[PDB]
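One structure is given here, and the rest of the page talks about it.
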Amino acid sequence: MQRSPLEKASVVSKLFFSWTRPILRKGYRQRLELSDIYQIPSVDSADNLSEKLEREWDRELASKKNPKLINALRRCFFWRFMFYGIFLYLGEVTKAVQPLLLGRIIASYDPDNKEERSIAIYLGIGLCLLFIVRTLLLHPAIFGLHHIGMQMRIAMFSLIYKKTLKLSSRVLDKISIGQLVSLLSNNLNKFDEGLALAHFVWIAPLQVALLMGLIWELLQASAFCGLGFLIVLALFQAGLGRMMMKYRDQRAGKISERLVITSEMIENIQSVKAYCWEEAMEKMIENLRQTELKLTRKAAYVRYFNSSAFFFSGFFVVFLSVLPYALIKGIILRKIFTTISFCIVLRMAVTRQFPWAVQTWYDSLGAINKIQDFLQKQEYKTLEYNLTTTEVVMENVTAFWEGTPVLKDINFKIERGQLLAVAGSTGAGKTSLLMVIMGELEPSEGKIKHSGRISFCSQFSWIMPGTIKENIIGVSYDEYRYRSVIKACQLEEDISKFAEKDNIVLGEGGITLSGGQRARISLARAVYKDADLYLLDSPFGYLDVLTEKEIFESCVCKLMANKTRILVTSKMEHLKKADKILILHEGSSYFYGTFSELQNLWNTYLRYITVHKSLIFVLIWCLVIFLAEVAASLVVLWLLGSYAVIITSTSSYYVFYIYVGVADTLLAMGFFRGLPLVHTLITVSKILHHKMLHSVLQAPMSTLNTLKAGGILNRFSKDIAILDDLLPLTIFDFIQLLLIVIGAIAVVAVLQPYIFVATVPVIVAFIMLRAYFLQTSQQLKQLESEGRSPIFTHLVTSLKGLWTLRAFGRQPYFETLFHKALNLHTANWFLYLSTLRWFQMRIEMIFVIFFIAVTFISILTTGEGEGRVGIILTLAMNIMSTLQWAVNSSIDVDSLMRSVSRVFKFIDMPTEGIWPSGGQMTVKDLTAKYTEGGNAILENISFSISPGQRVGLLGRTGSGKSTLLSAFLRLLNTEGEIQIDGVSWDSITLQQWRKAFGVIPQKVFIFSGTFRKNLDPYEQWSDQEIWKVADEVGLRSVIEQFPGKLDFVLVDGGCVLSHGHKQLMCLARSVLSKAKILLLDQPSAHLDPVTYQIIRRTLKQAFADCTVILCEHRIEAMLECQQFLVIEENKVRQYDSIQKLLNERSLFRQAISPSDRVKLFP
Ligand SMILES: Cc1nn(C)cc1S(=O)(=O)NC(=O)c1ccc(-n2ccc(OCC(C)(C)C(F)(F)F)n2)nc1N1C[C@@H](C)CC1(C)C
Ligand SMILES: CC(C)(CO)c1cc2cc(NC(=O)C3(c4ccc5c(c4)OC(F)(F)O5)CC3)c(F)cc2n1C[C@@H](O)CO
Ligand SMILES: Nc1ncnc2c1ncn2[C@@H]1O[C@H](COP(=O)(O)OP(=O)(O)OP(=O)(O)O)[C@@H](O)[C@H]1O
Ligand SMILES: Nc1ncnc2c1ncn2[C@@H]1O[C@H](COP(=O)(O)OP(=O)(O)OP(=O)(O)O)[C@@H](O)[C@H]1O
Ligand SMILES: CC(C)(C)c1cc(C(C)(C)C)c(NC(=O)c2c[nH]c3ccccc3c2=O)cc1O
Ligand SMILES: CC(C)CCC[C@@H](C)[C@H]1CC[C@H]2[C@@H]3CC=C4C[C@@H](O)CC[C@]4(C)[C@H]3CC[C@]12C
Ligand SMILES: CCCCCCCCCCCC
Ligand SMILES: [Mg+2]
Ligand SMILES: [Mg+2]
């Protein structure tokens, strides 16, 4: 990693941006290697910028009664902002006085203008120095303003993230992931470049005042007829600005709603494929896209009229200011041309630079105001204590999640070292009681007293990205303690089977790990941490009886025999070792005491154009009208080769100069060509998104596991927004400029076939430099686009584990990890702007040297009369002033076309592509593996199932019970044959095979939507049928407690529901879509014994005969099975009776609960 070459560059080197030479010469030959990227300058590191802004923002909250974020920003950047403003202003004044020097030089070709001929050589020298000063004064000032805008964005992004970790739990309900992503993505590039346009709010009015005086000198009182037209045009554009912003505000809410739904369905794409819900998911996104595209089109029509206003004023402001003057007294051709030159600069300031500057202030101040509101939300109240009486106590505590209280009159007292066991039915408030103790649920009544040290283990196991060892140890590594908790948590057997022991890298969310393996990593993390109080929220959910027995008798009873701890349990064996017993029932304390007293009872462009058939026809239509206007202009112009206009023989060359000055209005695209072009370019974006979303759902699971959450969110938010807003109008601007250059050249090249010869050397010089620069610019843009992903990936994972983050105190670690993501994007983005500034500065210096040669050639060639060389050469250089604008606009088109190629890569991803009368199956030599180069988890598996019977799957956690179920649906690489009632595996299409199954996934899927929409996304059942099923699974009381019965919206993945309520929701789905063969993957994970009767009755009534393959861990669930399959060391054994199964195993028979042993062994 080399140091930045900017920090030791000489004064002249910084001026010409010469320090970018090493990378431009290397990127032209080879691909940019990882060592070519330089380190960022020390001034713009995220650590130093965040501290500077934080110091000023805290001064506002204490000094001023009315804090404003814009005052803190003003106190850090105002003087540098104004320093570059004055140099930018002097570069624009130089542009307005150019016609004073160039206008008199053009007059020296006329032999009548004897006064201009005597001093022509001095005007040429001054003109050359004027060009050089303007070049050296604009570009360094524009780069400095880009630098300031980058620093402001980095400082403010870090403040948002630091505030996020401190948000209260009540205000988290009102904030989704889609709001934060839209807040950051919209400003990721627009904010930096906005500061270069901000100064024209006061530069444009000063340019108008200067230019109006010079035009007054020529046309005494007729000049104001041109000002009255431009004032009316300025009011018109101001009105279109407010009309466009109204449509943009109505569109923001729908984009955030689409982003959250898109993120949810891709995170659990395996559950979507098992249910065969791809078509239903596409329909929901299609309806959201359609509503927001109508607002996008309406904003596009308004923005077209705002953009073409420049081209449609070039003739009507010149004509209106000259016509009253010519009618009273004849005007010569010399004055007509000079007025045209001054009006070009005037139209640019009024119709282009000023409305763009006003719009930037609306966007910038709007975002800073939006950020300030977020920075003032309610914060989490960390009620830490340094010390206590070493005992925990609650007194008459009542809490509300908002007409029923969650808890009421809950009181206990646990001394140091005692064990408290919390028990109760589903939804009784066991998890809420632990939230109250930690302080994430503030009680309305009562009080809490205990020490500030605490450790937590939730039902939902959160796995941070990184190594397994890094998950457990935290910050401080201890060799002795680490090896003890691993052995006590029974993780040694699983770790030894991994490719590289405990050094394997876990993805975000821990997808590659088993259901029960994640629970042990979460538990090992809690016991490794030293604390005074330990909270365990049902950690024995996805564990078999043998592993559960070993952990309970060696981890929580041996290692922590002297530490007070609270555990949630439903087993009656865990209640005997507890000193205190607490029973909960619907928020009220059912019992409190002890157990003893209880026992008393390029190809990219071509593909983009041809994706929509209607885009070709509009482009041909624009070409035919263009040829008709050029032909019309040629006939008129050829016809011209006291009066209102005075023209002489030696002054007739002004006709061509006037034509070139008004060609931008004769060739302007009217609304018959502008609106269809803009309308059709948005339909292309609609088609591309439909394909992109479609190909992601059909991709094979092996491909989808490589992608990251931030990688998908980068393409669906930033790349789609580019194709909707920026590209349609950038293309229109580029096409408009290209037509003007061709039309002006073609007309004058046939009437004077020497302008074309003299304009060749300038054209090829621009094209050769463009090809050289695009070799390296395209690679830096690609690296910058992919550098946004780590920013989005870290933002997603920090919200999913916010509660665990604050409990373990790892906030500083996550802030430092966020700054590395900011610095990685800064390196690529800063290097991209530097080379872009080099190109635009060289494209202007190349224009200058040619003009310097032309000016001196014309003056020396002009002899005693006329002088034709100068007339031709100076005309050609006037055309190249517009070609310079067209070349720079082509770079913007190419930069935005990088998003089109990134979308095309997601589209080209490979695809994975009464029969069951009885439902009997046959498996022959099935071999299953996740990666083709990985180990075979199962191998040579073979068994048969008779129709109507139930099969029980058994085995230790991590043995491969879920792998066998995934192999039936072909969710991984398989090498065998499965036969269902006669048909063959291979012959069937992959879509009819999956429809024969009913599935209950181990990980439940609830998306943001209505209760009825979650139970039935295809809308194929009436509400009478839905309620009938809802009674059989006991969900009626759950739905009625909400304001909308079957209408309530389940936001944030159904966070309103408890853990046991989600299991019943998945059982309802399987009953509704009644199929023959069922694959139930542990449907009673955390259900208490009383609630399990609901699963038991459903299994015998709803699934009358069927072919049920259970995958349960509880012994009670195996009394309803006729056949058994045991998975051990990658092999499947088969048994006919449960009593035979336990006879062979000696250790597993002892772990059986005595309550279950009597019925298992009568
Ligand atoms: C080497 C090198 N390679 N790369 C990638 C960067 C570098 S460089 O930064 O060292 N220099 C150059 O980049 C460089 C510097 C100046 C110029 N100039 C062109 C006209 C001109 O007159 C200046 C003028 C008299 C108008 C005045 F002074 F008045 F303005 N100067 N051209 C330069 N280029 C080198 C080639 C890459 C292509 C080319 C010809 C455009
Ligand atoms: C002196 C006085 C006339 C009033 O005492 C004044 C100065 C001033 C400066 C800024 N902003 C800036 O100096 C910066 C800036 C921020 C945001 C940007 C950006 C530049 O340019 C953008 F448009 F891109 O957005 C560099 C930080 C402002 F906002 C309002 C200001 N006012 C009016 C006053 O009422 C403000 O309280
Ligand atoms: N964020 C929330 N907003 C509103 N109600 C909630 C919220 N979280 C939980 N509830 C409700 O509070 C009650 C108790 O919550 P819950 O976590 O606490 O039960 P539990 O004892 O953990 O049961 P389980 O065995 O399913 O884990 C339920 O009726 C549940 O729907
Ligand atoms: N996507 C994956 N890629 C690679 N290995 C995986 C993947 N998913 C699981 N494994 C590994 O395969 C083995 C078996 O996985 P697992 O689902 O299949 O078993 P299980 O019997 O369902 O466990 P549990 O009772 O915890 O649910 C484990 O070692 C696990 O880490
Ligand atoms: C009738 C005919 C010849 C097809 C026609 C008509 C117009 C109107 C009537 C809208 C002026 C226009 N005008 C336009 O397209 C205009 C486009 N952009 C503008 C921007 C600012 C101010 C005016 C216009 C404008 O008139 C063009 C035409 O070709
Ligand atoms: C940037 C701004 C403040 C610069 C100064 C703006 C004003 C004061 C300048 C700009 C152009 C100037 C005019 C240019 C030409 C003439 C013609 C001359 O026969 C009388 C003075 C007169 C009419 C000038 C008056 C002052 C003037 C209107
Ligand atoms: C350099 C430009 C400073 C003034 C720009 C506008 C100031 C913000 C006004 C806020 C609303 C009254
Ligand atoms: Mg719970
Ligand atoms: Mg499993």
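Chain identifiers are assigned as A, B, and so on, following the order in which chains appear in the structure tokens; residues are numbered from 1 within each chain, and ligands are numbered from 1 in order of appearance.
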
>> Please list as a list in words every residue within 9 Å of region 917-921 of chain A, counting only C-alpha atoms and excluding residues in the same chain fewer than 6 positions away.
In response: residues 943, 944, 945, 946, 947, 948, 949, 978, 979, 980, 981, 982, 996, 1076, 1077, 1106 and 1107 of chain A

Could the residues in this selection be saved with C-alpha atoms as a compact mmCIF listing (two decimals), in the first residue's frame?
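What landed in out_25.txt:
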```
# COMPACT_ATOMS: atom_id res chain seq x y z
CA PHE A 943 -34.47 -47.09 1.70
CA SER A 944 -38.15 -47.48 0.80
CA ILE A 945 -41.41 -46.14 2.24
CA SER A 946 -44.84 -47.76 2.01
CA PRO A 947 -47.88 -45.56 1.28
CA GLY A 948 -49.75 -44.12 4.25
CA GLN A 949 -47.11 -44.72 6.93
CA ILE A 978 -35.54 -41.11 -6.13
CA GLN A 979 -38.78 -42.69 -7.33
CA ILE A 980 -42.23 -41.58 -6.15
CA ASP A 981 -44.98 -44.08 -7.00
CA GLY A 982 -43.52 -45.21 -10.30
CA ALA A 996 -46.06 -32.98 -4.66
CA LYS A 1076 -49.75 -36.17 -0.14
CA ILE A 1077 -46.12 -36.32 1.00
CA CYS A 1106 -50.52 -38.92 3.87
CA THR A 1107 -46.83 -39.90 3.96
```

>> When you look at region 201-208 of chain A with a cut-off of 9 Å (counting only C-alpha atoms), what residues show up, excluding the ones that are within fewer than 2 positions of it in the same chain? I need them as an MDAnalysis selection string.
In response: chainID A and resid 85 88:89 92:93 96 197:199 210:213 345:346 349:350 353:358

Go ahead and write the selection's residues with N, CA, C and O atoms as an mmCIF file, in the first residue's frame.
```cif
data_model
loop_
_atom_site.group_PDB
_atom_site.id
_atom_site.type_symbol
_atom_site.label_atom_id
_atom_site.label_comp_id
_atom_site.auth_asym_id
_atom_site.auth_seq_id
_atom_site.Cartn_x
_atom_site.Cartn_y
_atom_site.Cartn_z
ATOM 1 N N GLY A 85 -14.759 30.100 -4.217
ATOM 2 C CA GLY A 85 -15.802 30.821 -4.921
ATOM 3 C C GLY A 85 -15.276 32.012 -5.698
ATOM 4 O O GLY A 85 -15.711 32.269 -6.823
ATOM 5 N N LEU A 88 -13.471 30.837 -8.799
ATOM 6 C CA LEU A 88 -14.449 30.395 -9.785
ATOM 7 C C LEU A 88 -15.116 31.585 -10.462
ATOM 8 O O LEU A 88 -15.386 31.552 -11.668
ATOM 9 N N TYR A 89 -15.401 32.641 -9.696
ATOM 10 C CA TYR A 89 -16.052 33.820 -10.259
ATOM 11 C C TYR A 89 -15.156 34.533 -11.263
ATOM 12 O O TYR A 89 -15.628 34.982 -12.313
ATOM 13 N N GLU A 92 -15.262 33.048 -14.679
ATOM 14 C CA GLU A 92 -16.456 33.297 -15.477
ATOM 15 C C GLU A 92 -16.506 34.711 -16.038
ATOM 16 O O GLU A 92 -17.067 34.917 -17.118
ATOM 17 N N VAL A 93 -15.936 35.687 -15.329
ATOM 18 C CA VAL A 93 -15.838 37.044 -15.861
ATOM 19 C C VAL A 93 -14.971 37.061 -17.111
ATOM 20 O O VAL A 93 -15.250 37.787 -18.072
ATOM 21 N N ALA A 96 -17.044 36.349 -20.171
ATOM 22 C CA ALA A 96 -17.990 37.349 -20.640
ATOM 23 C C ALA A 96 -17.334 38.480 -21.421
ATOM 24 O O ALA A 96 -18.029 39.179 -22.164
ATOM 25 N N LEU A 197 -21.653 23.449 -8.135
ATOM 26 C CA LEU A 197 -22.707 24.275 -8.709
ATOM 27 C C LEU A 197 -23.314 25.254 -7.713
ATOM 28 O O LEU A 197 -24.134 26.085 -8.110
ATOM 29 N N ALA A 198 -22.940 25.171 -6.436
ATOM 30 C CA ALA A 198 -23.603 25.965 -5.409
ATOM 31 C C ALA A 198 -23.319 27.453 -5.551
ATOM 32 O O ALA A 198 -24.167 28.278 -5.198
ATOM 33 N N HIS A 199 -22.135 27.820 -6.044
ATOM 34 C CA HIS A 199 -21.737 29.223 -6.058
ATOM 35 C C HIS A 199 -22.465 30.040 -7.117
ATOM 36 O O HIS A 199 -22.469 31.270 -7.029
ATOM 37 N N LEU A 210 -23.290 42.423 -15.634
ATOM 38 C CA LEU A 210 -22.172 42.810 -16.490
ATOM 39 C C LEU A 210 -22.539 42.705 -17.965
ATOM 40 O O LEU A 210 -22.262 43.619 -18.750
ATOM 41 N N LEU A 211 -23.162 41.594 -18.364
ATOM 42 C CA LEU A 211 -23.502 41.394 -19.769
ATOM 43 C C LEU A 211 -24.557 42.377 -20.248
ATOM 44 O O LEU A 211 -24.538 42.781 -21.416
ATOM 45 N N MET A 212 -25.487 42.765 -19.377
ATOM 46 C CA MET A 212 -26.551 43.671 -19.793
ATOM 47 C C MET A 212 -26.006 45.053 -20.122
ATOM 48 O O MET A 212 -26.534 45.740 -21.002
ATOM 49 N N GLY A 213 -24.961 45.488 -19.416
ATOM 50 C CA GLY A 213 -24.348 46.762 -19.739
ATOM 51 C C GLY A 213 -23.639 46.761 -21.078
ATOM 52 O O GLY A 213 -23.689 47.754 -21.807
ATOM 53 N N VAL A 345 -23.607 33.761 -23.890
ATOM 54 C CA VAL A 345 -23.199 33.728 -22.490
ATOM 55 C C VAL A 345 -24.369 34.082 -21.581
ATOM 56 O O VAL A 345 -24.493 33.552 -20.472
ATOM 57 N N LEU A 346 -25.237 34.993 -22.025
ATOM 58 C CA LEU A 346 -26.380 35.394 -21.212
ATOM 59 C C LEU A 346 -27.377 34.254 -21.045
ATOM 60 O O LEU A 346 -27.913 34.047 -19.952
ATOM 61 N N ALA A 349 -26.161 31.596 -18.451
ATOM 62 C CA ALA A 349 -26.272 31.966 -17.043
ATOM 63 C C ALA A 349 -27.714 31.914 -16.553
ATOM 64 O O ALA A 349 -27.971 31.521 -15.411
ATOM 65 N N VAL A 350 -28.665 32.324 -17.390
ATOM 66 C CA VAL A 350 -30.046 32.463 -16.941
ATOM 67 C C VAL A 350 -30.771 31.122 -16.962
ATOM 68 O O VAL A 350 -31.451 30.758 -15.997
ATOM 69 N N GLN A 353 -27.224 27.762 -15.640
ATOM 70 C CA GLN A 353 -26.424 27.773 -14.420
ATOM 71 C C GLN A 353 -27.231 28.175 -13.192
ATOM 72 O O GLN A 353 -26.969 27.678 -12.094
ATOM 73 N N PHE A 354 -28.197 29.083 -13.343
ATOM 74 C CA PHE A 354 -28.941 29.543 -12.171
ATOM 75 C C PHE A 354 -29.980 28.533 -11.697
ATOM 76 O O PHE A 354 -30.008 28.234 -10.491
ATOM 77 N N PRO A 355 -30.868 27.995 -12.545
ATOM 78 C CA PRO A 355 -31.815 26.984 -12.043
ATOM 79 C C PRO A 355 -31.148 25.722 -11.523
ATOM 80 O O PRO A 355 -31.689 25.080 -10.615
ATOM 81 N N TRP A 356 -29.997 25.336 -12.076
ATOM 82 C CA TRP A 356 -29.255 24.204 -11.532
ATOM 83 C C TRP A 356 -28.716 24.512 -10.141
ATOM 84 O O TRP A 356 -28.699 23.637 -9.268
ATOM 85 N N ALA A 357 -28.252 25.743 -9.923
ATOM 86 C CA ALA A 357 -27.734 26.125 -8.614
ATOM 87 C C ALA A 357 -28.836 26.168 -7.565
ATOM 88 O O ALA A 357 -28.624 25.750 -6.423
ATOM 89 N N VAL A 358 -30.012 26.686 -7.922
ATOM 90 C CA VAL A 358 -31.116 26.753 -6.967
ATOM 91 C C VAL A 358 -31.588 25.353 -6.598
ATOM 92 O O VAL A 358 -31.934 25.083 -5.442
#
```

> Do you know which residues are within 7 Å of ligand 8 using only C-alpha atoms and all ligand atoms? Can you write them as JSON, numbers by chain?
Replying inline: {"A": [430, 431, 459, 537, 1058, 1059]}

Okay, now the selection with N, CA, C and O atoms, as a PDB file, in the first residue's frame?
```
ATOM      1  N   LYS A 430     -42.231 -14.960  29.017  1.00  0.00           N
ATOM      2  CA  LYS A 430     -40.926 -15.367  29.528  1.00  0.00           C
ATOM      3  C   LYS A 430     -39.800 -14.548  28.909  1.00  0.00           C
ATOM      4  O   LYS A 430     -38.871 -14.137  29.611  1.00  0.00           O
ATOM      5  N   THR A 431     -39.857 -14.305  27.598  1.00  0.00           N
ATOM      6  CA  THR A 431     -38.823 -13.501  26.952  1.00  0.00           C
ATOM      7  C   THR A 431     -38.945 -12.034  27.338  1.00  0.00           C
ATOM      8  O   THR A 431     -37.934 -11.336  27.477  1.00  0.00           O
ATOM      9  N   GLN A 459     -33.331 -16.331  22.135  1.00  0.00           N
ATOM     10  CA  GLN A 459     -33.861 -17.435  21.338  1.00  0.00           C
ATOM     11  C   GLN A 459     -33.364 -17.372  19.901  1.00  0.00           C
ATOM     12  O   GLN A 459     -33.034 -18.402  19.304  1.00  0.00           O
ATOM     13  N   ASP A 537     -32.148 -17.699  27.540  1.00  0.00           N
ATOM     14  CA  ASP A 537     -33.521 -17.696  27.037  1.00  0.00           C
ATOM     15  C   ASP A 537     -33.747 -18.951  26.198  1.00  0.00           C
ATOM     16  O   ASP A 537     -33.656 -18.940  24.971  1.00  0.00           O
ATOM     17  N   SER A1058     -44.731 -14.070  19.249  1.00  0.00           N
ATOM     18  CA  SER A1058     -43.738 -14.791  20.027  1.00  0.00           C
ATOM     19  C   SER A1058     -43.090 -15.875  19.169  1.00  0.00           C
ATOM     20  O   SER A1058     -43.404 -16.042  17.988  1.00  0.00           O
ATOM     21  N   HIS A1059     -42.153 -16.616  19.765  1.00  0.00           N
ATOM     22  CA  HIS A1059     -41.494 -17.692  19.033  1.00  0.00           C
ATOM     23  C   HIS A1059     -42.453 -18.842  18.745  1.00  0.00           C
ATOM     24  O   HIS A1059     -42.422 -19.425  17.657  1.00  0.00           O
TER      25      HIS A1059
END
```

>> Distance limit 12 Å, reference ligand 9, atoms considered: only C-alpha atoms and all ligand atoms. Which residues make the cut? Give them as a PyMOL selection string.
In response: chain A and resi 511-519+541-544+953-966+1000-1003+1079-1083+1085+1110-1113

> Quick one: residues within 6 Å of ligand 5, with only C-alpha atoms and all ligand atoms, as JSON, numbers by chain?
Replying inline: {"A": [305, 308, 309, 312, 670, 671]}

For the selection you just gave me, I'd like the residues written to a file as an mmCIF file, in the first residue's frame, keeping N, CA and C atoms.
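As written to disk, again-v3.cif reads:
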```cif
data_model
loop_
_atom_site.group_PDB
_atom_site.id
_atom_site.type_symbol
_atom_site.label_atom_id
_atom_site.label_comp_id
_atom_site.auth_asym_id
_atom_site.auth_seq_id
_atom_site.Cartn_x
_atom_site.Cartn_y
_atom_site.Cartn_z
ATOM 1 N N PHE A 305 -38.863 19.764 -20.297
ATOM 2 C CA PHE A 305 -39.093 21.173 -20.605
ATOM 3 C C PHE A 305 -38.107 22.071 -19.878
ATOM 4 N N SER A 308 -34.652 21.560 -22.141
ATOM 5 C CA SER A 308 -34.617 22.075 -23.504
ATOM 6 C C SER A 308 -34.817 23.582 -23.575
ATOM 7 N N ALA A 309 -35.083 24.243 -22.445
ATOM 8 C CA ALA A 309 -35.318 25.683 -22.457
ATOM 9 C C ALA A 309 -34.108 26.455 -22.960
ATOM 10 N N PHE A 312 -34.236 26.373 -26.998
ATOM 11 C CA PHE A 312 -35.381 27.046 -27.591
ATOM 12 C C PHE A 312 -35.439 28.532 -27.261
ATOM 13 N N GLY A 670 -37.987 19.404 -30.639
ATOM 14 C CA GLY A 670 -39.248 19.811 -30.062
ATOM 15 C C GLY A 670 -39.897 18.693 -29.269
ATOM 16 N N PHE A 671 -41.083 18.992 -28.735
ATOM 17 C CA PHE A 671 -41.764 18.024 -27.883
ATOM 18 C C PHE A 671 -42.298 16.831 -28.665
#
```

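Counting only C-alpha atoms, the residue from A:145, A:573, A:362, A:442 that sits nearest to residue 1154 (chain A) is A:573.
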
>> My list of candidates is A:1100, A:699, A:245, A:188. Which is closest to residue 298 (chain A) when distances are computed with only C-alpha atoms?
In response: A:245

Can you tell me which residues surround residue 1051 (chain A) at a distance of at most 10 Å, considering only C-alpha atoms, apart from same-chain residues fewer than 5 positions away, and format the answer as a PDB file with N, CA, C and O atoms, in the first residue's frame?
```
ATOM      1  N   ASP A 173     -39.120   0.504  15.940  1.00  0.00           N
ATOM      2  CA  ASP A 173     -40.269   0.009  15.188  1.00  0.00           C
ATOM      3  C   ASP A 173     -40.595   0.904  14.002  1.00  0.00           C
ATOM      4  O   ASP A 173     -41.098   0.420  12.981  1.00  0.00           O
ATOM      5  N   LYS A 174     -40.336   2.203  14.125  1.00  0.00           N
ATOM      6  CA  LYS A 174     -40.658   3.169  13.087  1.00  0.00           C
ATOM      7  C   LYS A 174     -39.563   3.320  12.041  1.00  0.00           C
ATOM      8  O   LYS A 174     -39.746   4.079  11.085  1.00  0.00           O
ATOM      9  N   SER A 176     -37.055   1.291   9.366  1.00  0.00           N
ATOM     10  CA  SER A 176     -36.755   0.065   8.646  1.00  0.00           C
ATOM     11  C   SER A 176     -35.371   0.145   8.007  1.00  0.00           C
ATOM     12  O   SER A 176     -34.713   1.187   8.010  1.00  0.00           O
ATOM     13  N   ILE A1006     -41.526 -15.019   7.618  1.00  0.00           N
ATOM     14  CA  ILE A1006     -42.650 -14.094   7.713  1.00  0.00           C
ATOM     15  C   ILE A1006     -42.217 -12.778   7.085  1.00  0.00           C
ATOM     16  O   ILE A1006     -41.228 -12.176   7.518  1.00  0.00           O
ATOM     17  N   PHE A1007     -42.949 -12.330   6.070  1.00  0.00           N
ATOM     18  CA  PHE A1007     -42.617 -11.094   5.382  1.00  0.00           C
ATOM     19  C   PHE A1007     -43.580  -9.986   5.785  1.00  0.00           C
ATOM     20  O   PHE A1007     -44.645 -10.231   6.356  1.00  0.00           O
ATOM     21  N   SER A1008     -43.173  -8.753   5.496  1.00  0.00           N
ATOM     22  CA  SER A1008     -43.944  -7.572   5.870  1.00  0.00           C
ATOM     23  C   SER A1008     -45.246  -7.545   5.080  1.00  0.00           C
ATOM     24  O   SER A1008     -45.241  -7.310   3.869  1.00  0.00           O
ATOM     25  N   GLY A1009     -46.361  -7.777   5.757  1.00  0.00           N
ATOM     26  CA  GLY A1009     -47.637  -7.795   5.075  1.00  0.00           C
ATOM     27  C   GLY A1009     -48.758  -8.197   6.009  1.00  0.00           C
ATOM     28  O   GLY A1009     -48.576  -8.345   7.219  1.00  0.00           O
ATOM     29  N   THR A1010     -49.930  -8.355   5.407  1.00  0.00           N
ATOM     30  CA  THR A1010     -51.140  -8.716   6.131  1.00  0.00           C
ATOM     31  C   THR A1010     -51.064 -10.154   6.641  1.00  0.00           C
ATOM     32  O   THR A1010     -50.359 -10.996   6.082  1.00  0.00           O
ATOM     33  N   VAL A1056     -44.057  -8.806  16.382  1.00  0.00           N
ATOM     34  CA  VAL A1056     -45.126  -8.751  17.371  1.00  0.00           C
ATOM     35  C   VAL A1056     -45.417 -10.135  17.934  1.00  0.00           C
ATOM     36  O   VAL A1056     -45.809 -10.271  19.099  1.00  0.00           O
TER      37      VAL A1056
END
```

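Non-sequential neighbours of region 608-619 of chain A (distance at most 8 Å, separation of 3 or more positions within a chain, only C-alpha atoms) are residues 604, 605, 622, 623, 673, 676, 677, 680, 681, 683, 684 and 900 of chain A.
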
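Counting from CA of residue 1115 (chain A), the distance to CA of residue 925 (chain A) is 29.3 Å.
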
> Counting only C-alpha atoms and all ligand atoms, which protein, DNA or RNA residues come within 6 Å of ligand 1, given as a ChimeraX atom specification?
Replying inline: /A:18,21,24-25,132,842,845-846,848-849

>> So that I can check the surroundings of residue 418 (chain A), please list as number ranges by chain every protein, DNA and RNA residue that reaches within 7 Å of it, counting only C-alpha atoms and ignoring chain neighbours fewer than 4 positions away.
In response: A: 414, 564-565, 579
